[PDB]
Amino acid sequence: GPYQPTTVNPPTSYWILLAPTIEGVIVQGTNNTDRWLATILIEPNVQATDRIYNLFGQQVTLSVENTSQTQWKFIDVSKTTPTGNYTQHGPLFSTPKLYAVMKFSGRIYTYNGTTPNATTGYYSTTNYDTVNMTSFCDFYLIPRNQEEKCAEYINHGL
């Protein structure tokens, strides 16, 4: 990398390492059947607030917060129908402002917790293997077999 913002359908067993700079929707993806997914970035020190986000072309109001005074915050969101409500999942508090996602074994793997001690976790409520990706930021590809490097960049930056 870095790869410029684009829409692709990433391969399974690859980490996409996203390098956003501005708060808001950094990436979104869908399988056009049962999942519309995104990750939102929130700057430090945002008390509970209704914010409007363009998700898949629609203006969506989400109640969000970031209680961290020093770190940025990634939140995953998901809806299961075109008109469904979004639910928030898996906060990552981040100093490097990097976020990674991988489709593998039907699951989506991400990093969770607080850098520099963020750890991998995953979602598994359906098979996500065919979910595509529209990235609004520059990104890198890291194969599963070099995942240790991915964890390194998430927690410590490039």
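Residue numbers run from 1 along the displayed sequence.
Exercise. Comparing 145-153 with 131-139, where is the mean C-alpha B-factor higher?
Worked result: Here the higher of the two C-alpha B-factor means belongs to 145-153.
For this session: Would you mind comparing 83-91 and 70-78 for me and telling me which has the higher average C-alpha temperature factor in the entry?
Result: If you average the C-alpha B-factors of 83-91 and of 70-78, the larger mean comes out for 83-91.
Exercise. Quick one: which of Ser105, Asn31, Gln58, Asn112 has the biggest Cα B-factor according to the entry?
Worked result: Of the candidates given, the C-alpha B-factor peaks at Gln58.
For this session: Kindly indicate the residue among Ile40, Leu98, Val101, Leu62 with the greatest C-alpha B-factor in the PDB record.
Result: Answer, based on the entry's C-alpha B-factors: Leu62.
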